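Q: I need the structure of the sequence given here:
(chains A, B, C, D, E and F, ligands or ions: 4)
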Amino acid sequence: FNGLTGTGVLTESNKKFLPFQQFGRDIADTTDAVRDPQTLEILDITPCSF
Amino acid sequence: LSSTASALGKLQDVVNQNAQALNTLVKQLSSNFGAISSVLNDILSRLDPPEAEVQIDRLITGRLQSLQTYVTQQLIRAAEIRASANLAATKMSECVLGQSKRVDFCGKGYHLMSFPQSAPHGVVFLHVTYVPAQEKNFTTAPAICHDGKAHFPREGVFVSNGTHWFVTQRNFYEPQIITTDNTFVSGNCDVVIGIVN
Amino acid sequence: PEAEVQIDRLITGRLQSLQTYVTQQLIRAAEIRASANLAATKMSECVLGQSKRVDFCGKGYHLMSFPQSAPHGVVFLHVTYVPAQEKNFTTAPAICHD
Amino acid sequence: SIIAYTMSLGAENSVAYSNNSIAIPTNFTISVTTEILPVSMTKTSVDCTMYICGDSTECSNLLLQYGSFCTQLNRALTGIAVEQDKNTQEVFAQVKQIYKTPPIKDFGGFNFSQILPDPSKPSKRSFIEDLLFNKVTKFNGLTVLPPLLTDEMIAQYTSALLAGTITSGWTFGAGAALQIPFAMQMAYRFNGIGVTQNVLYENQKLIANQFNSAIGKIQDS
Amino acid sequence: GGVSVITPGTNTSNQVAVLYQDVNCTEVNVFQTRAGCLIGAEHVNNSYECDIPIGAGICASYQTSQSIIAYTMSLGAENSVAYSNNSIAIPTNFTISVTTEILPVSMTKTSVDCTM
Amino acid sequence: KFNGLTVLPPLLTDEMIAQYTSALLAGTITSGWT
Ligand SMILES: *[C@@H]1O[C@H](CO)[C@@H](O[C@@H]2O[C@H](CO)[C@@H](O)[C@H](O)[C@H]2NC(C)=O)[C@H](O)[C@H]1NC(C)=O
Ligand SMILES: *[C@@H]1O[C@H](CO)[C@@H](O[C@@H]2O[C@H](CO)[C@@H](O)[C@H](O)[C@H]2NC(C)=O)[C@H](O)[C@H]1NC(C)=O
Ligand SMILES: *[C@@H]1O[C@H](CO)[C@@H](O[C@@H]2O[C@H](CO)[C@@H](O)[C@H](O)[C@H]2NC(C)=O)[C@H](O)[C@H]1NC(C)=O
Ligand SMILES: *[C@@H]1O[C@H](CO)[C@@H](O[C@@H]2O[C@H](CO)[C@@H](O)[C@H](O)[C@H]2NC(C)=O)[C@H](O)[C@H]1NC(C)=O
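A: Numbers count the residues shown, from 1 in each chain, chains lettered A, B, ... in the order given. Ligands and ions are numbered 1, 2, ... in the order given. Take a look:
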């Protein structure tokens, strides 16, 4: 998404995203959630269980 | 316990210190460490692998230094926790398991017994203690001469209300008429200092 | 740009100096804390009350403990019981009268 | 000259163990033993930013890249300083109420003047305490923090514990201080170690002289 | 001078006192302490139990309208034992009380994969 | 969290800790110091 490659399980996210917001980022700078470029649907980012 | 969380505050503080160390590692990932971007992926996407590695090397040195500092803090905290655990084990062995003659080892006053209470990452000891409630002043004699022979109490010390002489234990006031069985006879009155008749 | 690279080499050494200083202080503090805990235990079981522990407060039988203020330290003076003159006597575990 | 030798293991004494013989002391002596423990280390606070950067904006920008690395070290140093104050407070403050010895020294002749703080000195500290203090002897962001408890306070805390031991015996540690004659308190100490109380009263003059001599020897040492 | 902020709980009060370490008040409610110049605290002759430790025998509490104040911390009530050569005190009555001591046996276990 | 930082559960469960404390407590109440 937006030139960033990450591996994680993809699920819809309950948290609302404002129109300006395209991504949700943790303090650690890891991207918790992203909004799809093709369609504006909020998706939670969950890393595959380890 | 219900009114104040301060008593469990020290246990909470230890949990907070562990959480702070994890939070510090999260903050470190945000730090650039001299790299163009803090995120490893951002450097990899915009730079060739050989070029990206040099920026990674700078992030790795900072991250390794952060991990070493975090491990050192955890080891020092573990050593402090181990010392507290050793003290707790000593308290359980010499208070909960058996009465302690050590002074103030388990609470102010004379410890009788202790009760263990489960706590998160902690142990709580409740110790029953003996504390004087009411105290009175009585005239006292080191020794008493029945026939010019010094008498020293086998148990307790001489006390006098102001009319009669009694022998009672130091811990609690239980006046008893002085008897030859109660007080052993040793030495003579002249040798003893402050002796009364 | 060039000055910052030289400053960065100094920063890495200076940050290392603070990290080494903090680690040494923490180890010294842990040793000091253990000594303080031992001092607190001695004050509670010796100055506050007589101790039945053997040699807990000085050689011989401890009677009382005295504390004197010292810079970053505590001093305990313990009155002890030591035999001065000793003599040998014949002894029996038990004696029979009747 | 410097010499090389096997270190001695101490003088060797052979106990005369006997099935029918025991050794019981006919005479005893009273001695004072001195044990010194450092309660706290000097509190020092160092500013990592001042040490790392000599008032340089470029250095500060590089320090921002380090980020939390500078903050954790300063936080640890502040914690060490708080710990030293906590250790000092716990050891010195073991007495709920400050205690003062009576002006008349009716203690059976056992002098306690040299262990007691001196009023004439502007700071009230014992002569023995003064000897202990005498024997013990920047712009980079390195700073020294004064202890929460002042040296005079520390002396007042030791004096309160000392007064409770001298006048109330062990009662002050258990709870409210209870007055007891010092000679009777000494007899209680003998009873605790199992020596008969009468023996102490018979040798009370000898014990008082031995105690005074032992305190004097400690000051000389 | 390092700036140390003496602050009571935010819910309790928003008032703050500023202490500057090892500097006179002129370099920067006026008090001078060994730790440094004290501002936002008014010196009180009366001694109170320490609430916040400013340092150098000086402590800060919120007291009457209530304001942060600077005072020498109390050493506890002063009691003189009535020591007597011929008199002893023996308790006529006693009380049974339970004391609580809490120690942390272990710290939360954390495992970090350095490689990840 | 997802950085490889993990929390490990203790070998002794809180209920097990309560059972241990109870055993010591019961021994003090019924058998005294024996
Ligand atoms: C208390 O009793 C003792 C013992 O009877 C008295 O001591 C005696 O005093 C007389 C007169 O000085 C001597 O002759 C005896 O030899 C002493 N006996 C001994 C060895 O104790 C003492 O004087 C009495 N005190 C009072 C105040 O009556
Ligand atoms: C000295 O002790 C005697 C002990 O007999 C006290 O007399 C007793 O006082 C109690 C309380 O008033 C009475 O119940 C007893 O019947 C009294 N006994 C006798 C024999 O009279 C005497 O009061 C005491 N003196 C003081 C100052 O307490
Ligand atoms: C404390 O020490 C002083 C000085 O040694 C003692 O006072 C002496 O007492 C003896 C015996 O009565 C006299 O012979 C000396 O002349 C006294 N010296 C002085 C300077 O007064 C004192 O008795 C001891 N006990 C106390 C009161 O603490
Ligand atoms: C028991 O031991 C004590 C202590 O050694 C003896 O007291 C000593 O007596 C000598 C001779 O008068 C003095 O020089 C010492 O200074 C004394 N020491 C102290 C500190 O008291 C005492 O004389 C001995 N008694 C017996 C039975 O011999």
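Q: Pull up the residues of chain D that are close to ligand 4.
A: Remark: the part of chain D in contact with ligand 4 comprises D:27, D:29, D:206, D:209-210, D:213, using CB under 6 Å from any ligand atom. Placement of C-beta: from N, CA and C, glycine included.
Q: Mind putting those into CSV with secondary structure?
A: CSV is the format used below for the residues of chain D next to ligand 4 (DSSP: H, G, I helix; E, B strand; the rest coil):
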residue, secondary structure
D:27, strand
D:29, strand
D:206, helix
D:209, helix
D:210, helix
D:213, helix
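Q: if you go through chain B in chain order, where are the strands?
A: Using DSSP state E, the strands of chain B run over B:110-119, B:122-139, B:144-145, B:150-153, B:157-160, B:165-168, B:183-185.
Q: just chain E next, same as before
A: According to DSSP E, the strands that chain E contains are E:3-6, E:17-21, E:30-32, E:36-39, E:42-43, E:52-55, E:58-63, E:67-72, E:78-79, E:87-103, E:110-112.
Q: Repeat that for chain A.
A: A:8-12, A:23-25, A:31-35, A:42-47.
Q: before we move on, the earlier item: between the strands of chain E, which gets nearest to residue D:46?
A: Nearest to residue D:46, of all the strands of chain E, is strand E:17-21, at 12.6 Å by CB to CB.
Q: tell me, which helix in chain B spans the most residues?
A: helix B:49-91 (DSSP state H).
Q: That one to strand B:122-139, inter-axis angle?
A: If you take axes from the mean of the first three to the mean of the last three CA atoms, to 10 degrees, helix B:49-91 sits at 40 degrees to strand B:122-139.
Q: Could you confirm whether helix B:49-91 reaches chain E?
A: Yes - with CB under 8 Å from any CB of the partner chain as the criterion, chain E is reached by helix B:49-91 at B:64, B:67, B:70, B:74, B:77-78, B:81, B:84-85, B:87-88, B:91.
Q: From residue E:61, how far out is residue D:163?
A: In this view, residue D:163 and residue E:61 are 28 Å apart by CB to CB, to the nearest Å.
Q: between the two, which one's more packed in?
A: For residue D:163 versus residue E:61, the count of surrounding residues by other CB atoms under 10 Å in any protein chain shown is larger for residue D:163: 25 against 19.
Q: what's near enough to touch the more buried one?
A: Contact analysis of residue D:163 by CB atoms under 8 Å, 6 or more residues apart in numbering or on different chains lists D:99-101, E:81.
Q: Tell me which entries of the residues you listed lie within helices.
A: Using DSSP H, the subset of the contacts of residue D:163 located in helices is empty.
Q: Name the residue closest to the centre of chain D, please.
A: residue D:36 (5.8 Å; CA atoms, centre = their mean).
Q: How about the backbone phi and psi for that one?
A: Here is the backbone geometry of residue D:36 (degrees, to the nearest 10): phi -120, psi 130.
Q: Apart from its chain neighbours, what residue comes closest to it?
A: The spatially closest residue to residue D:36, leaving aside those adjacent along the chain, is residue C:75, at 5.0 Å (CB to CB, 6 or more residues apart in numbering or on different chains).
Q: Pretty sure that neighbour sits against residue D:33.
A: No - using CB atoms under 8 Å, residue C:75 makes no contact with residue D:33, being 11.2 Å away.
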